[PDB]
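What you see below is based on every heavy atom in this structure, not just the backbone, and it leaves out hydrogens, waters and symmetry mates. In each ligand, atom 1 is the first atom listed, and ligand 1 is the first ligand listed. Chain letters run A, B, ... following the sequence lines, proteins first and then strands; every chain starts at 1.
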Amino acid sequence: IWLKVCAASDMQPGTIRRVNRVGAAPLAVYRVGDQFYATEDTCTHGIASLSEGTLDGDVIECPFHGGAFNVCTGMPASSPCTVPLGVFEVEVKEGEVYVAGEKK
Amino acid sequence: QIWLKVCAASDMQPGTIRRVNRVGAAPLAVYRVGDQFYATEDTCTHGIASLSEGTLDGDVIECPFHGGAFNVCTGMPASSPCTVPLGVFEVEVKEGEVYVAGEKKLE
Amino acid sequence: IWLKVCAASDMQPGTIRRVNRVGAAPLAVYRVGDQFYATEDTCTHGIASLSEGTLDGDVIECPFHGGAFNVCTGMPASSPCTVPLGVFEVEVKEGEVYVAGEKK
Amino acid sequence: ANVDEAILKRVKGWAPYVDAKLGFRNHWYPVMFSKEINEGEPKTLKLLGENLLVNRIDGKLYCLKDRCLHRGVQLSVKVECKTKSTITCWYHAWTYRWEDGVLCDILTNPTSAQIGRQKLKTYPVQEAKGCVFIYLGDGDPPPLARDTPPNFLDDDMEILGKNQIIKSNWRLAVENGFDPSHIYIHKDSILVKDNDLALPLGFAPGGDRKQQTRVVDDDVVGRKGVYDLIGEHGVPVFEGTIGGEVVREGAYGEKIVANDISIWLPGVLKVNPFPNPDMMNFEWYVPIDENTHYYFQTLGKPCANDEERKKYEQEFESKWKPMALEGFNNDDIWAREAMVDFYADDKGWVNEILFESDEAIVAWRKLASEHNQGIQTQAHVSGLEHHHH
Amino acid sequence: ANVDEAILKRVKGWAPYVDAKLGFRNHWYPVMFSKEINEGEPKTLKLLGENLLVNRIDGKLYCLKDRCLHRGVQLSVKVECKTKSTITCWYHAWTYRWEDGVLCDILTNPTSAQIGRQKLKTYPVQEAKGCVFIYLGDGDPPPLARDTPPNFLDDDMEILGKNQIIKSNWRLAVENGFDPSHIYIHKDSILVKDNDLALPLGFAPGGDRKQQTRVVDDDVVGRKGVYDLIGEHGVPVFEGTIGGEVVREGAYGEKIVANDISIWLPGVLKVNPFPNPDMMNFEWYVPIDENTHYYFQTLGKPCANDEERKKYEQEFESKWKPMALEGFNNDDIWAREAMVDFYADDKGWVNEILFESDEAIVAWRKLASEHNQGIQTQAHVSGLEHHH
Amino acid sequence: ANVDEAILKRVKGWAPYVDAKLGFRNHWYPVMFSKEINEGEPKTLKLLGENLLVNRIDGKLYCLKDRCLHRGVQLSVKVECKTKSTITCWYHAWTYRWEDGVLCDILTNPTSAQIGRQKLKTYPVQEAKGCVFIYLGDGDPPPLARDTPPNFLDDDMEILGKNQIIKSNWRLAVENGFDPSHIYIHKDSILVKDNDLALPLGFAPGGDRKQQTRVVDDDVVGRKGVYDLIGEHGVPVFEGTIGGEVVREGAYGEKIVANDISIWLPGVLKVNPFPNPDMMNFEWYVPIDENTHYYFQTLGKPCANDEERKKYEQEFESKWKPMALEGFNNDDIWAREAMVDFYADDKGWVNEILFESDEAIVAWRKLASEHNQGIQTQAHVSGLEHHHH
Ligand code: FES
Ligand code: FES
Ligand code: FES
Ligand code: FES
Ligand code: FES
Ligand code: FES
Ligand SMILES: [Fe+2]
Ligand SMILES: [Fe+2]
Ligand SMILES: [Fe+2]
C-alpha cells in the first residue's frame, strides 16, 4: 500500500524527487516547506517529467511548455495544461517519506 | 428672450455640467469651472454626442463618444478628432441666478 | 618621421581636429580629456569624416551611420563598422602634439 | 485585447464592441443550410477564426474542432472516418468520437497513456428552419431562440435563402444593415421598380433621442436587440435637394415595406415586411475571421401547407432571390466593403463623423457592448493562455 | 514618426530625410497631364498616401480628398455629381462643394445639424505647361516656381512627357537620378548610339568635398536644390579597367549632353542639355505611398511658334519618347527597383557603403532634411491626432 | 532572437531550437547537384535567408553573397563577369574577386579609396558525391564529414538524388522525417505494395524512455545525431483497431527496410536500408527562409565499378526515383505542409500534445539545442548589429 521514498532529511524544502516504480509509471514527490506531496511524474499535457521541472511554492512548472499544476490538488495552474494530475497519498512516519502505491 | 434662466449658482458644484434644452433650438451645456460659468452648444461638433455627458477636466470638456475635447471658455478644439469650434454662449449671474445667452457670440 | 600637428591648447577637451596630408589620406587627432590620439580620418565604412563625428570617451561615433571605433585601438566599437581603423601613436612634448608618420 | 488600448480608452461608450473584432463568443451562429450537409460527409468551415468540421450521423449533426490535438493539423486534409461514430487523424491516427470528442483510440500506439485522457473541442449544433446553427461557445448552450430575431422560428414560417462569404469585418455588415439612412444606396434597385415599392431617400428625424429607437432587454426569451423607430416621428424624404433644387426623387410605389427594422445579438437583422408586404427578411453577418463574414440571407413567408410551400419556393427562385436577395442586397455588399479601409486600422472608430440617423447605430453598439456573452480572442483560436496566480 | 527611432538616431546627418518615407508635405507635385482630365470627369489618384479626387468644372481644376467625412468611404466607389458645383457621396448623400469642400447638403436628412458645419479637405490645384500640379499641403500655397527646377516655366519652353506608376519608394528614384556614377548603367542605351552621344563610364573626382556640388538656398524664387559638379575637377572615365586591363570603354560620340545636372525639392531632377544638345529633361519622382511613386517625365525644347511646337511634338512621339524617355530611362526604373530590398526594412540607410561620387547624394540628403516643408506622416493619412 | 521571448521562456527543454526559425549558422548544407552548375555560368540561390551566387571557374566552385556592398542590389539582376576571376556590379561597377571577395576595382572611379579596402562576403563551397555543399558560416570550416550522416562519404557509395523547394519551415520537415509514428501516412504507398515491403502502422513502445533513442554526442568527426530505437523493444502494430474492431492492417511484405533511422545536425535524415535492402536514403531539409526549405533527397548504393554505377543509375531513373523519392516521399511533403498553420505563430511549440513515440523528436530538439553551431538571425541577413560607446 505504501512505498519507501527517502528520509525527510534528504529533501531540502522546495525540491522535487522522482520515484521510479517497477512495472508502473513514475511518481513525483515535492517538499513544500515541511509538508510532502506526490503526483504522477508525467505531465498530463505530454510526456515530460515534472520532476525535471521547477517548483514555486505549491505549483510545479513543466519543463516542456511551461504548463503548471498545484502539487496539493493536482489541478492545472498554468496553460497549456488542462487535465488534472493524479495525486498520491504521502506519509512521513519516523522521519521517513512514504508514498501510497495507489492514487487517492 | 436674450437671457435664458438656467438655475441658481448654488445648484451647481464646481466642475459640473448642466444641459439646457431649448424649444425649437439645439441644447446648450453650462459648465461651472470653480465659481465662474461658461456655456457652449451641448452637441459635440464632431458628431451627435452630448457633451453634458462627458468629462470636465478644468476648463476642458472631453466628449464621451470618441475622446475629442474642447476648451469651454473659447470653444476651440483641445483634443483630436475634434476640429470644428463650439459655439459659445455668454453666461452671467444676476442675484445668484444663472443665465445663459439665447444667441451665440460671434468672432 | 613624426609630424608636428599643433599645440595641445589648440584643442578644447573632447574635440577632434582633421589633419590634411598632401598626397596622403587625412588623419583625425582626438583630444580625450588631456590625452591625445590619432587615426585615419575617413570612416572605414564609407566616406564620412570622423573629425565631424561624436566623441564619447575614447570612442568616436561616425556622423553618417552611427558606426563607431575606439580611438586608441582603432577597433570597431559599433556596427556597421567592421574594418579596423588605422591608428597612429601620438606624443605630446612641451605642449606640442606630434603624430607618427606611418600607421602602427 | 484585440485593439490598441489607446483607442479603447477613447470609445468609452462602446469599447467591448470595438474590441470584438473576432466576434462574440457564446452565441449561436448559422453557417450553412441543412441540405448542404449529407449523412457521413464531413464538411469544413471557419467560424470566429476557428476551423471546424461538421458531420451528419444517423441524421443528427455533430461538430468537432478541425485541429488534431497532437501536432495541430486539420483532420480535413485527409478525412478518415473508419467507424460510424469516429474520425481518425490521417497523420498518427489519433481517433476521436464525434459525440464527445474523446480521444478513444490511437492506431499508431494502442497502449498510449493519452487514450481516454484527452478530448478534442466539440461545439453544440442545432438545425432549425433548414438552417445549421453552431453554438460557438463553452458550457451547455442557451435556447436557440435567444440568438434569433422574433418570428424566425414561427411554426408556419417557411424559411428560404442563400449564404456566401463576404470580405469585410462582420460589424461593418451589421451597421450597414441597421443604418436608417443607407436606404439611399437602394434608390435604383430593380426591386423598387419591378416590385412597385414605396421607398424614401432618407429621413428627417423627429422627437427626442430616446424616441429614435426601442432597446429590447426585457424579452422573456432573452433576446437582446434594438428597433429602428426613426419613422415614427420623422418625415420621410422623397425629394432630395441641393441648393434648394430637387436633384433626386424617392420611389412613389404602392407597396409599403421595411417599416419595422431591428438588429439582434449576436448580429442578425430583421426587416419587416420585406421584400413584399407579406414577407419577412432575416439576415445574419457571421464572423469567419477579422476580415470576413458569412452573409446568411433568409426570407420568410407564412405557409399553411405543401401547396403554399411549393408556390413560395417557386416564387423565391424566380423572383425573390434574384430580385431581392441579389437585386436589392448586392449593393449592401460593396457598401460594407467600401468601409473596410477606414476601419481596418481601428482608427475609423475614432474619426467617424456621425449624424442624426446614426443614433440607431449607437444604440446597437451600446447594446452589443453591454449584452454580448463574451469577446472572442486570438488566444481562443490558438489555445487559451494563463498563469493562475 | 515613420521609422524606428533607433535608426533615425543613427543617421544624424539626414534623419528628417530618412523619416520622410511618405514624402514631404506642403510642396507642389505634378500628378498627371492636363489633357488627361476632362470637364466633369472626376479622376482618382493617391498622393503622399492620400486618396484624392480631381475634377474640371468650367475649365478649372478642383481637388477634394476622396474620403467622405461620414463613414470614411471613397466617394469614387460610385461618383454622383448631381449638380455641376458639387459631389454627393453614394452612401448617405452628404454633398460637398468642389470649390471649398463645404458640406452644403445632405439628401438623406435636410434637417441635419451637420449641414454647413463640416468641410472636406481640399488641396490647391494648378495647371502649368500642360502639367497638373497639386499642392499637398495646408494653408495658402507658395508660388509654384518654388517647387520647380529652373527654366521649366520659361515662356517658350514647350513641355511634353510621360507618366507612370513605378514600384519603389520615391527616394530611391531621386538618388538614382542624381547619382553621378550610375551613368554606368546607360552604357548600352540605344540613345547613346542612335543619337551619337559622348558618354563616359564614370568619373575620377578632383578637388575637395565642397567643390563636388553647389548647394542652392539663395535662389530668389525660393527653390532649394543641389548641382552635381563632379565634372568640374574630376577626370571622366572612358576606359574601364580590371587589374589594369581595359574591359570596357565609354561612348565617343560628338553630342555633348548632361553636363548640367541638379536635383530640387520636393524631388525633381533637371538634366541639361538632354537628350539632345538643344533640349532639357525634367523628371519628378512623386510619392504615392511608402512603396510607389509617379515617374513624371518631361522633355522641354524652346519653340517660338505653333509651327515649331508641332514639329517638336512629332519628333517627341517618333524619336524622343521611345529613344530617350524609354530607351534611356527604362534602365533607371529597374535600377531603382533593385535597391528596394536593401532599404525596405530601413536598414539600408545604415548598412550602405558609399564611395566618392556619393558626395552628391549626401549633399541632397542634407539639403532635403534641412529645407523640406514638412514630413508627411501616417496620421496625416488617417487623421491628425493630439491629446489635450 | 527570432521568437517572442515569452514563448522561448516556456520551452526550457529546447529554446535555441525553437528560436532557430532561420536555421543553424556554421554548418555545411547541400543546395544543388554538381551537374547543375557549369564553367562560367553563375547561379543564384537563397540559403538561411541569404541571397548567394555560385560560380565554377577552372572546375572549382566559388560562392559570393549576392548583394553589392555599395547600395545593396543583387549582382545577379544583371551579371557582368568581365574577367574570368571577377564579377562586376551592374550598377556602379564595383568589381569583386570570386576567390576572396575583395573589392579589387571600381570601373566608375579607378581612384576610389574603397578599392582594396572592402570585401564581399564569401562562403566555402565543396563538391562531394555529385552534391554541392556550402558552409553557411564564418571562419575556417570544419570537415564536411561532421555535417553528413555516417557512410554518405564512403568511397564506394554511389549517390543519386533529386532536389526541390518545399513550402514549410525546415524544422517541420525534420520532425516529420524522424517521427516514428508518421509511418502511418505511408500505409497506402505504391512502394510498399510494388516492392513488397513489410510496413507496420506504428509501434507500441517497450522498455524505458531512455532506451527509445540513442544520442551520438560525438564521433570520429564530431557528428551530432540521434537514432530512433523504438523498434528495439517496441511491438510493431499491424492491426489498427477502434473500439476493439479491426479497421486497418499494416503491410505484410517480406522485405524488411528502415531498421536503422537517424537524424543528424544540421538536419539530415539517414534511413537504412531504404527503399530496398541494399540501399540507403539520405535526405536534407535545408533552410531557405523562415517559410521554405530545399528537400534534398539522395539514394546511395555501394558500387565497385563503372558497370555497377551505370546499372544503378538505370534502376534509379526507372524505379527508385519515381517509386520511392516520389511515390513514397510525396506524402511526407504534404504532411509537412499540414503543420505550418499550427506553428506559424510559434504557438504550436507550446500547445502541441505529444505522445510516447515523440520521445524521438524530443531527443532531436534537445540535441539540436545543445550542439548546433549558431542561431541564424535576421540581423545576419541584413547586417549584424551592435551598439556601444
Ligand atoms: S508536456 Fe507539460 S506543459 Fe506540455
Ligand atoms: S462625437 Fe465627440 S469626439 Fe466624436
Ligand atoms: S560611413 Fe561611418 S558608419 Fe557608415
Ligand atoms: S497530428 Fe493528428 S495524430 Fe498526429
Ligand atoms: S459615408 Fe458618405 S454620406 Fe455616409
Ligand atoms: S550597388 Fe553595386 S556598384 Fe553600386
Ligand atoms: Fe441595405
Ligand atoms: Fe539614369
Ligand atoms: Fe515519411
Side-chain angles (χ1 to χ4, degrees), chain D residues 66-75 77-78 80 87-96 103 105-109 112 114 118 120 173 175-187 189 191 199 258 261 269 271 274 281 283 324 328-336, chain E residues 91 175-176 179 181-182 184-185 202 335 338-339 342 348 352-355 357-358, chain F residues 66-75 77-78 80 87-96 103 105-109 112 114 118 120 175-176 179 181-182 184-185 202 335 338-339 342 348 352-355 357-358 361:
Chain D
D66 188 12
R67 188 177 66 194
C68 186
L69 297 179
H70 189 208
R71 302 306 299 282
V73 306
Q74 282 178 252
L75 305 169
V77 169
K78 183 179 181 303
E80 279 188 35
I87 180 169
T88 299
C89 181
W90 55 266
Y91 210 171
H92 312 84
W94 281 32
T95 299
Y96 308 92
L103 174 61
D105 289 288
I106 298 182
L107 281 58
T108 55
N109 179 11
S112 176
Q114 298 293 22
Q118 301 295 344
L120 179 62
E175 304 198 351
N176 175 73
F178 195 52
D179 190 323
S181 292
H182 92 284
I183 189 176
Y184 184 75
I185 76 174
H186 295 298
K187 59 185 184 300
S189 171
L191 183 72
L199 199 74
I261 304 176
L269 186 72
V271 185
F274 192 90
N281 193 346
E283 58 178 43
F328 190 85
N329 291 140
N330 277 340
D331 290 319
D332 289 308
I333 295 176
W334 60 261
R336 309 167 188 174
Chain E
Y91 212 171
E175 299 195 1
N176 173 78
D179 189 330
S181 295
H182 90 282
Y184 184 75
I185 72 171
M339 288 191 285
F342 192 55
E352 50 181 26
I353 293 175
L354 311 179
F355 74 147
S357 56
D358 294 319
Chain F
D66 187 15
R67 187 175 67 195
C68 188
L69 297 177
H70 189 207
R71 301 306 295 283
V73 303
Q74 272 175 265
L75 299 167
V77 169
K78 184 173 183 295
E80 285 189 20
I87 182 170
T88 298
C89 182
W90 56 267
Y91 212 168
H92 314 84
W94 282 34
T95 302
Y96 308 93
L103 176 59
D105 284 295
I106 298 183
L107 285 63
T108 55
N109 181 8
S112 179
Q114 292 289 27
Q118 299 295 349
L120 182 58
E175 294 188 16
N176 174 76
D179 189 323
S181 290
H182 92 283
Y184 184 75
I185 74 178
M339 284 189 285
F342 191 56
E352 55 185 17
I353 295 176
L354 313 181
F355 77 147
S357 59
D358 291 317
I361 289 177

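Neither the backbone nor the side chain of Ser181(F) comes within 4.0 Å of ligand 4, counting heavy atoms alone.
For ligand 4, the atoms closer than 4.0 angstrom to any heavy atom of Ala93(D) are 3 (S). Within ligand 6, counting atoms from 1 as listed, the ones closer than 4.0 Å to a heavy atom of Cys89(F) are 1 (S), 2 (Fe), 3 (S). Close approach of ligand 6 to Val73(F) is summarised as follows: ligand atoms under 4.0 Å from at least one heavy atom of the residue are 1 (S). Close contacts of ligand 4 with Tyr91(D), meaning ligand atoms under 4.0 Å from a residue heavy atom, involve 1 (S), 4 (Fe). Close approach of ligand 4 to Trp94(D) is summarised as follows: ligand atoms under 4.0 Å from at least one heavy atom of the residue are 3 (S).
At a cut-off of 2.8 Å, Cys68(F) is counted among the residues with an N, O or S atom near atom 2 (Fe) of ligand 6. Within the 2.8 Å limit, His70(F) places no N, O or S atom next to atom 2 (Fe) of ligand 6.
The aromatic rings of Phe328(D) and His186(D) lie parallel to each other, with less than 30° between the two planes, well short of the 60° mark. Between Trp94(D) and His70(D), the ring planes are parallel. Angles under 30° get that label, and only those over 60° would be called perpendicular.
Contact annotation: the side chain of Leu354(F) never approaches that of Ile361(F) to less than 4.5 Å [non-hydrogen atoms, C-beta and beyond]. A heavy-atom distance below 4.5 Å is found between the side chains of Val73(F) and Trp90(F). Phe342(F) has its side chain out of reach of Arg71(D): every pair of non-hydrogen atoms, C-beta onward, lies at least 4.5 Å apart. Residues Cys68(F) and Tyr96(F) are in side-chain contact: their nearest non-hydrogen atoms beyond the backbone lie under 4.5 Å apart. Between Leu191(D) and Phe274(D) there is a side-chain heavy-atom pair separated by less than 4.5 Å.
The N, O or S atom of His92(D) with the smallest distance to atom 4 (Fe) of ligand 4 is ND1.
Given atom 1 (S) of ligand 6, the protein heavy atom at minimum distance is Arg71(F) N, 3.3 Å.
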